[PDB]
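Note sheet for the following structure.
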Amino acid sequence: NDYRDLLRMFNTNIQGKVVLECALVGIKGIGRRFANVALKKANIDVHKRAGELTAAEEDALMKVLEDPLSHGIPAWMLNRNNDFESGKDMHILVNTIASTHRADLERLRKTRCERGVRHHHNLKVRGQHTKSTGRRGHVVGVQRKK
Amino acid sequence: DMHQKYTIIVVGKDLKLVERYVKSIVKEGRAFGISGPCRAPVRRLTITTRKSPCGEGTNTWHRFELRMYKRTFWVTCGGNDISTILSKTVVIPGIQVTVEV
Amino acid sequence: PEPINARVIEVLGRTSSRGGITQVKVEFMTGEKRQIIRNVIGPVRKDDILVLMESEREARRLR
Amino acid sequence: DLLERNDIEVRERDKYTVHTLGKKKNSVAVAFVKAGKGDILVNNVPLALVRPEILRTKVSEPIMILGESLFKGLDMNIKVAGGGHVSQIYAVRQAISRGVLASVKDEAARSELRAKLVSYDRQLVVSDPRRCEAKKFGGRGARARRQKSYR
Amino acid sequence: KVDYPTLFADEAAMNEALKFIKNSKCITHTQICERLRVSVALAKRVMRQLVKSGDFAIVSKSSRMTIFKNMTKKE
Amino acid sequence: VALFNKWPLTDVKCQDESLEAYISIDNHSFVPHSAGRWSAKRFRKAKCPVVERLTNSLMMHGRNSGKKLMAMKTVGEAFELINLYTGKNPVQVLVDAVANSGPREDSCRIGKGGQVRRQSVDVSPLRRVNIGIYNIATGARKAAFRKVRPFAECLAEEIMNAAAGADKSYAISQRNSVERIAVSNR
Amino acid sequence: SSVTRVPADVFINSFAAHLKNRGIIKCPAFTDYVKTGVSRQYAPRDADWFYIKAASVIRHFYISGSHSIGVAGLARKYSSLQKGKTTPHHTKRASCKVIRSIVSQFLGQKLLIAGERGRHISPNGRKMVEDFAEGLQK
RNA sequence: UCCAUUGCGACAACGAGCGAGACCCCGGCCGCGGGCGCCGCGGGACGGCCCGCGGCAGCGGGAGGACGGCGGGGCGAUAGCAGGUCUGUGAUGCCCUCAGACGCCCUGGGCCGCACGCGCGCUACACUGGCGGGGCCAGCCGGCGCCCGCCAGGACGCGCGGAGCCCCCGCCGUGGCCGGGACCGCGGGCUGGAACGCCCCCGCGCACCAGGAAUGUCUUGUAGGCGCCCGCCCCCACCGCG
């Protein structure tokens, strides 16, 4: 078996043990909206060593991620359905996840709102469980300027 | 005689009261070809309220249950004959008699 | 040195202050008929063979 | 499912000669016997077919202890409704064993043959009084309570 | 903190394991994998090929446990 | 020949007189599911078949609690493995193991009066069987956490090694440890 | 009957291999992409999941027969619970669209002809499915 | 002696009583009438008998036997407590606010804010576990169909109908893991005057790798494990009665 461990793509090492499927959801997690709805099949083998997979199969896989709609993946699997930008449905890849997170957080700051104060002050947003639940780590409403 | 089929249904809280009304309908109907009485599965009406009006104490709860038993009697008779049967039947106040044509 | 087989001729009473212990009157299953009360834990009934004893330790009937 | 007229509701005509009830853990199995060609099928399903394959060996206990000439030829159609899964198998086992007993019928010492089956398996002829108990106020389950904070 | 996850090139590694299987009288599906440095998924496959060969005999069949002893191990 | 169509229940013998009446190998249904309400009465280990008593003992740890069926399977796979480990009767290995894993010597405090220092006590000949079926299983359980070995073979490791007077299983190293507690606290 | 004697697992797996040669039903693409159920953790990896489901519905259908099983009815045979939440899990249904295609496709092959409350097998189908069982046992 | 002044003996006490019992509710089983909905009415295990001891009441070991000497429940004395509730009320005393009202309507809040600390819960830490399709199974006592939509749901309708765990073969190495499911971006909806409620789909992979003192709660269908229904409710269960 030419298991071929590593075979890193997208600046993220993979494994000679991981099946061809977990290898993408395990591409840092960031960069793969998973549930393997299309990932389970794609054109790649269901259950084999992920290094053994041929480059040609990997390259076709890279293309299906690059244009999800062309593969035939339904829009619901993809993450950015409507987009607040040019409003165009798009997938999110590894680097864009944290760039888009900056886009979501920095937009929040420029458009001041309760949902932004509940992130700049580090309060958990939505749940309102900053009352009696998360002693955990000290990520709770504290304060002490003077 | 336009022999209509009548279904008679009786819903009552007390078994002692229900059996007496059931016996009268069977007793009155021997002349009119009465089908024997059908006993319903008990209809439980449980209500559970913590007994204490205030919140003090290990809440203890009152399970208040009302049992409904319904009785089905099929009769094939004229519209008047049930009325003649009615005078003979002993009427217990508040017990319900349902005439289903 | 071997645990000596014993015959539980009869069960006496439950003691130890928690009732846990049930000291029983015993006799030797193997030996010149040595018979002495011994301290037992767990369920015991007459004619039981207790093969878990060193013989020297001696218990008593006052309780 | 629950004490209905399902005793014979499914089958019309071909009156099956024997009617024998078997019950374990709220599971009702009425055994119908026609003394045929070795049909021990219960729930219109083969004896070998079972929810737990390992459990089937227990339901073959009259077959091993009592003569096989009995099960060599018989006919069966059993309506089992109710029970989680394993409750159904012991109820089935009560049904079929009583069904074989009902077939012996005429020999007066039918009980003596049946008691060899009781001696190997008690409750194979008897129904248990074990039934689910109820919770009470302050109790998550039948025999417990919310954990008490102070003794 | 690891073993040999997969990496089963079928050359001398694969020949050593079935010869190790020729050394061990009885084999357990999870047991061989840590007996000879490999993952469980590899363990069932070679034994199935030994079953295809007829050099492996099964006694218990279940999703959780499959056990194999060589048919010709008595040699 | 009534145990999984193998391992005859009749073949098993009382190797030890230490516990005889309590071990019951006379009335076992093949694959002893034996759900039979043996909770009433204080003296009936005859009513609880030893293998099925072990069945009850094997389900535990909260997650597997209630799963008596997962024990009937556990015993069968270990017994096949025991047959593959030694051509002897696996139920006989069970009689030897339960006799060899329960404590000969224990010491409760038994301070009848005031001060409590553990006092040496010979165990009841019924008590030893109950703990042995508890310790053997718990030997597999103790090492059933991240072990590569499945629980069934974990149990098969315990019964066979502790079956003779050799001690490798946690269960027998418990009997020897408590025996030592009752040699010290004499 | 031998259709009650063919173990359900054996019947369902064996029936779909010749159904593959048959070309009956024709499992669509979006369905083979989607994960069955609204409670399933992730998609089943059977690949031929739609074809394997088709051998599952028509066998339970033989027992149901005249009483009939609607779209919810076959979802009932494969009903599951979510395994991943901090709070306890309340039982929920599987996906309606995948089930609605499997017996609607089966109506098309004429093995199932249905016109009652939800769906019933055409006698030709009941006989033929039973005939596959007749081959399966003996 | 009994859970129990529960008795049996004996006694300046002698008779009564009220608690406990009895009784009622549901099962253990059967019989008679019946019946759609198996459901109404009876009976029945009586410490009866056996053996040992018992002044005797009782007391073990027993067998038959649906069941062993209360089935699972309710109702519960005298006497109290400065316990709780004036915030359920046509239960209300005194005392207050009585029209710029503590009256009564609308509109937007808040109880969903909130270091740490707790008082219950819930899900985990995987290997008897996952996650896998796919054989299923109830008992509360409950309605379904068809068609689009991944679902969420929506339309069009007809009155009609059932769990999970587990059990299947599989996929899977001891990897904070394909353990766990947090936090949290992106959409699809629901219903409501209105989400700030909720669910589904798709990211994401928090802590946590067996829990220190110190604690609870329980002996058979019991503990635990695993699901259903209701109470409240447009919305929404981890809660409680079952």
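Residues are named by chain letter and number: chains run A, B, ... in the order of the structure tokens, numbers start at 1 in each chain, and ligands are numbered from 1 in the order shown.
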I'd like the neighbourhood of stretch 75-85 of chain A as a PyMOL selection string, where a residue qualifies if any of its atoms comes within 10 Å (using only C-alpha atoms (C1' of nucleotides)), though same-chain residues fewer than 4 positions away should be ignored. (chain A and resi 32-38+68-69+89-92+103-104) or (chain G and resi 34) or (chain H and resi 150+185-188+201-203)
What residues in stretch 5-139 of chain A get the DSSP label alpha helix (DSSP H)? Please answer as a ChimeraX atom specification. /A:22-25,55-66,68-71,94-110,114-120
With distances taken over only C-alpha atoms (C1' of nucleotides), which of H:168, H:79, H:127, H:182 is nearest to residue D:52? H:168
With only C-alpha atoms counted and 9 Å as the cut-off, give the residues of chain B in contact with chain D, each with its shortest interatomic distance in Å and the pair that gives it, as CSV.
```
residue,atom,partner,partner_atom,distance
B:50,CA,D:137,CA,9.0
B:58,CA,D:138,CA,7.2
B:59,CA,D:137,CA,7.3
B:60,CA,D:137,CA,5.8
B:61,CA,D:137,CA,6.3
```
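With distances restricted to only C-alpha atoms, D:54 is the closest residue to residue F:71 from D:96, D:59, D:54, D:89.
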Just need the residues of chain F within 10 Å of chain E, counting only C-alpha atoms, so spit them out as a ChimeraX atom specification. /F:73,76-77,80-81,84-85,148-150,152-153
Give me a file of those residues, with C-alpha atoms, as a short mmCIF file (atom, residue, chain, number, x, y, z; two decimals), in the first residue's frame.
```
data_model
loop_
_atom_site.label_atom_id
_atom_site.label_comp_id
_atom_site.auth_asym_id
_atom_site.auth_seq_id
_atom_site.Cartn_x
_atom_site.Cartn_y
_atom_site.Cartn_z
CA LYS F 73 -22.69 -12.47 25.25
CA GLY F 76 -19.88 -16.83 25.63
CA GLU F 77 -17.01 -15.08 23.86
CA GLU F 80 -14.80 -19.80 23.52
CA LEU F 81 -11.52 -17.98 24.22
CA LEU F 84 -9.07 -21.81 22.81
CA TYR F 85 -6.76 -20.94 25.79
CA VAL F 148 -7.34 -2.38 23.56
CA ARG F 149 -8.66 -5.72 24.85
CA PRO F 150 -12.49 -5.98 24.66
CA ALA F 152 -15.05 -10.37 26.99
CA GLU F 153 -11.38 -11.26 26.58
#
```
Excluding stretch 117-123 of chain A and residues on its chain fewer than 3 positions from it, collect all residues at most 7 Å away from it, counting only C-alpha atoms (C1' of nucleotides), and give them as a short mmCIF file (atom, residue, chain, number, x, y, z; two decimals) with N, CA, C and O atoms, in the first residue's frame.
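Listed below is the output, selection18.cif:
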```cif
data_model
loop_
_atom_site.label_atom_id
_atom_site.label_comp_id
_atom_site.auth_asym_id
_atom_site.auth_seq_id
_atom_site.Cartn_x
_atom_site.Cartn_y
_atom_site.Cartn_z
N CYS A 113 -23.95 48.08 18.14
CA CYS A 113 -25.23 47.39 18.46
C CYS A 113 -25.07 46.55 19.73
O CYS A 113 -23.94 46.25 20.11
N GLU A 114 -26.19 46.12 20.30
CA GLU A 114 -26.15 45.29 21.52
C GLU A 114 -25.37 44.02 21.19
O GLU A 114 -24.67 43.51 22.07
N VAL A 139 -14.64 34.54 32.01
CA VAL A 139 -15.10 35.21 30.75
C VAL A 139 -16.52 35.69 31.07
O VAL A 139 -17.44 35.53 30.25
N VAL A 140 -16.69 36.27 32.25
CA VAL A 140 -18.06 36.66 32.71
C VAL A 140 -18.05 38.17 32.97
O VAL A 140 -16.96 38.73 33.03
N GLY A 141 -19.22 38.80 33.10
CA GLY A 141 -19.28 40.27 33.26
C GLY A 141 -18.63 40.66 34.56
O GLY A 141 -19.21 40.37 35.62
#
```
Shell around residue A:48 at 9 Å using only C-alpha atoms (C1' of nucleotides), local window under 4 positions removed, as a PyMOL selection string: chain A and resi 17-21+52-53
Apply DSSP to the backbone of this structure and, from chain C, keep only the residues in strand (DSSP E or B); write these as a PyMOL selection string. chain C and resi 6-15+21-28+37-38+40-41+48-50
Write out the residues from the selection above, keeping C-alpha atoms, as a CSV table (one decimal), in the first residue's frame.
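Below is the file that was written, selection.csv:
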```csv
chain,number,residue,atom,x,y,z
C,6,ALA,CA,-14.7,-26.7,59.7
C,7,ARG,CA,-18.4,-27.8,60.3
C,8,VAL,CA,-20.7,-25.0,61.4
C,9,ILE,CA,-22.6,-27.1,63.9
C,10,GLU,CA,-24.9,-24.1,64.7
C,11,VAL,CA,-25.3,-20.3,64.2
C,12,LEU,CA,-25.2,-18.2,67.4
C,13,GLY,CA,-25.9,-14.5,67.4
C,14,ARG,CA,-25.3,-11.3,65.4
C,15,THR,CA,-22.9,-8.8,67.1
C,21,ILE,CA,-20.6,-10.0,62.5
C,22,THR,CA,-22.5,-13.3,63.2
C,23,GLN,CA,-20.2,-15.3,65.5
C,24,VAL,CA,-21.1,-19.0,65.2
C,25,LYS,CA,-20.4,-22.2,67.3
C,26,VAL,CA,-18.1,-24.4,65.1
C,27,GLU,CA,-16.5,-27.8,65.2
C,28,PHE,CA,-13.4,-29.1,63.1
C,37,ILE,CA,-16.9,-20.3,68.7
C,38,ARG,CA,-15.3,-18.4,65.7
C,40,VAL,CA,-17.8,-15.0,60.9
C,41,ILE,CA,-18.9,-12.2,58.5
C,48,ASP,CA,-21.8,-25.3,56.4
C,49,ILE,CA,-18.2,-26.3,55.5
C,50,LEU,CA,-15.9,-23.3,56.5
```
Taking only C-alpha atoms (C1' of nucleotides) into account, which residues of chain H are within 9 Å of chain E, as an MDAnalysis selection string? chainID H and resid 168:175
Could those residues be written to a file, using N, CA and C atoms (P, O5', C5', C4', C3', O3' and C1' of nucleotides), as a PDB file, in the first residue's frame?
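Dumped to selection37.pdb:
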```pdb
ATOM      1  P     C H 168     -27.396  -9.325  18.535  1.00  0.00           P
ATOM      2  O5'   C H 168     -27.728  -9.072  16.998  1.00  0.00           O
ATOM      3  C5'   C H 168     -27.194  -7.931  16.298  1.00  0.00           C
ATOM      4  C4'   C H 168     -27.816  -7.838  14.928  1.00  0.00           C
ATOM      5  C3'   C H 168     -26.846  -7.877  13.762  1.00  0.00           C
ATOM      6  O3'   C H 168     -26.598  -9.221  13.369  1.00  0.00           O
ATOM      7  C1'   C H 168     -28.567  -6.244  13.404  1.00  0.00           C
ATOM      8  P     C H 169     -25.196  -9.999  13.690  1.00  0.00           P
ATOM      9  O5'   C H 169     -24.620 -10.315  12.239  1.00  0.00           O
ATOM     10  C5'   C H 169     -23.319  -9.840  11.845  1.00  0.00           C
ATOM     11  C4'   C H 169     -23.434  -9.009  10.591  1.00  0.00           C
ATOM     12  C3'   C H 169     -22.207  -8.187  10.229  1.00  0.00           C
ATOM     13  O3'   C H 169     -21.283  -8.909   9.426  1.00  0.00           O
ATOM     14  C1'   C H 169     -24.165  -6.852  10.048  1.00  0.00           C
ATOM     15  P     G H 170     -19.738  -8.484   9.410  1.00  0.00           P
ATOM     16  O5'   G H 170     -19.690  -7.144   8.512  1.00  0.00           O
ATOM     17  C5'   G H 170     -18.844  -6.055   8.951  1.00  0.00           C
ATOM     18  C4'   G H 170     -19.388  -4.748   8.431  1.00  0.00           C
ATOM     19  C3'   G H 170     -18.508  -3.519   8.671  1.00  0.00           C
ATOM     20  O3'   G H 170     -17.535  -3.315   7.653  1.00  0.00           O
ATOM     21  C1'   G H 170     -20.729  -3.051   9.344  1.00  0.00           C
ATOM     22  P     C H 171     -15.977  -3.322   8.019  1.00  0.00           P
ATOM     23  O5'   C H 171     -15.573  -1.784   7.940  1.00  0.00           O
ATOM     24  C5'   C H 171     -16.237  -0.886   7.035  1.00  0.00           C
ATOM     25  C4'   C H 171     -16.366   0.470   7.675  1.00  0.00           C
ATOM     26  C3'   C H 171     -15.206   0.868   8.568  1.00  0.00           C
ATOM     27  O3'   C H 171     -14.089   1.396   7.847  1.00  0.00           O
ATOM     28  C1'   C H 171     -17.241   1.311   9.685  1.00  0.00           C
ATOM     29  P     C H 172     -12.560   0.967   8.211  1.00  0.00           P
ATOM     30  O5'   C H 172     -12.447   1.245   9.776  1.00  0.00           O
ATOM     31  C5'   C H 172     -11.698   2.371  10.272  1.00  0.00           C
ATOM     32  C4'   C H 172     -12.296   2.892  11.557  1.00  0.00           C
ATOM     33  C3'   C H 172     -11.483   2.653  12.815  1.00  0.00           C
ATOM     34  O3'   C H 172     -10.389   3.544  13.010  1.00  0.00           O
ATOM     35  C1'   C H 172     -13.748   2.152  13.251  1.00  0.00           C
ATOM     36  P     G H 173      -9.485   3.382  14.320  1.00  0.00           P
ATOM     37  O5'   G H 173      -8.089   4.092  13.956  1.00  0.00           O
ATOM     38  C5'   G H 173      -6.866   3.493  14.446  1.00  0.00           C
ATOM     39  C4'   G H 173      -6.565   3.939  15.857  1.00  0.00           C
ATOM     40  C3'   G H 173      -5.233   3.436  16.420  1.00  0.00           C
ATOM     41  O3'   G H 173      -4.853   4.208  17.549  1.00  0.00           O
ATOM     42  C1'   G H 173      -6.967   2.361  17.545  1.00  0.00           C
ATOM     43  P     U H 174      -3.359   4.739  17.676  1.00  0.00           P
ATOM     44  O5'   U H 174      -3.004   4.493  19.210  1.00  0.00           O
ATOM     45  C5'   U H 174      -3.860   3.721  20.071  1.00  0.00           C
ATOM     46  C4'   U H 174      -4.867   4.621  20.740  1.00  0.00           C
ATOM     47  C3'   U H 174      -4.671   4.830  22.235  1.00  0.00           C
ATOM     48  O3'   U H 174      -5.087   6.152  22.542  1.00  0.00           O
ATOM     49  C1'   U H 174      -6.759   3.813  21.861  1.00  0.00           C
ATOM     50  P     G H 175      -4.000   7.310  22.684  1.00  0.00           P
ATOM     51  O5'   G H 175      -3.835   7.896  21.198  1.00  0.00           O
ATOM     52  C5'   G H 175      -3.199   9.185  21.043  1.00  0.00           C
ATOM     53  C4'   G H 175      -3.993   9.999  20.059  1.00  0.00           C
ATOM     54  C3'   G H 175      -5.198  10.738  20.647  1.00  0.00           C
ATOM     55  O3'   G H 175      -4.869  11.999  21.233  1.00  0.00           O
ATOM     56  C1'   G H 175      -5.738   9.672  18.553  1.00  0.00           C
TER      57        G H 175
END
```
Produce a table with one row for each residue of chain F that has an atom at most 9 Å from any atom of chain H, each row naming the nearest atom pair and its distance in Å at one decimal; use only C-alpha atoms (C1' of nucleotides); arrange rows by chain and rising residue number; format as CSV.
```
residue,atom,partner,partner_atom,distance
F:37,CA,H:220,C1',6.9
F:38,CA,H:220,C1',8.7
F:39,CA,H:220,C1',6.5
F:40,CA,H:220,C1',8.1
F:58,CA,H:128,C1',8.2
F:59,CA,H:128,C1',7.0
F:60,CA,H:128,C1',8.7
F:62,CA,H:224,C1',6.3
F:63,CA,H:225,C1',6.1
F:64,CA,H:128,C1',5.9
F:65,CA,H:225,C1',5.5
F:66,CA,H:225,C1',6.1
F:67,CA,H:128,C1',8.0
F:70,CA,H:128,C1',5.9
F:71,CA,H:128,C1',7.4
F:74,CA,H:128,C1',7.7
F:144,CA,H:127,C1',8.0
F:145,CA,H:127,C1',7.6
F:146,CA,H:174,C1',6.2
F:147,CA,H:174,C1',7.3
F:148,CA,H:174,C1',6.4
F:149,CA,H:127,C1',8.4
F:150,CA,H:127,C1',6.7
F:151,CA,H:128,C1',6.8
F:152,CA,H:128,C1',8.5
```
With only C-alpha atoms (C1' of nucleotides) as the counted atoms, please give the residues lying no more than 12 Å from residue H:2, apart from itself and same-chain residues fewer than 5 positions off, as a list in words. residues 7, 8, 20, 57, 58 and 59 of chain H
For residue A:106, find every residue with an atom within 9 Å (counting only C-alpha atoms (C1' of nucleotides)), except residues of its own chain fewer than 5 positions away, and show them as a PyMOL selection string. chain A and resi 101+111+116
Residue subset to file, keeping C-alpha atoms, as a PDB file, in the first residue's frame:
```pdb
ATOM      1  CA  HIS A 101     -14.861  36.433  11.141  1.00  0.00           C
ATOM      2  CA  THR A 111     -22.310  49.378  13.207  1.00  0.00           C
ATOM      3  CA  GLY A 116     -21.379  44.159  19.272  1.00  0.00           C
TER       4      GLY A 116
END
```
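Atom CA of residue D:134 is found 19.7 Å from atom CA of residue B:43.
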Once you count only C-alpha atoms (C1' of nucleotides), which residues of chain H turn out to be within 8 Å of chain G? Could you give them as JSON, numbers by chain? {"H": [122, 123, 131, 132, 133, 134, 135, 136, 145, 146, 149, 150, 151, 163, 164, 168, 181, 200, 238]}
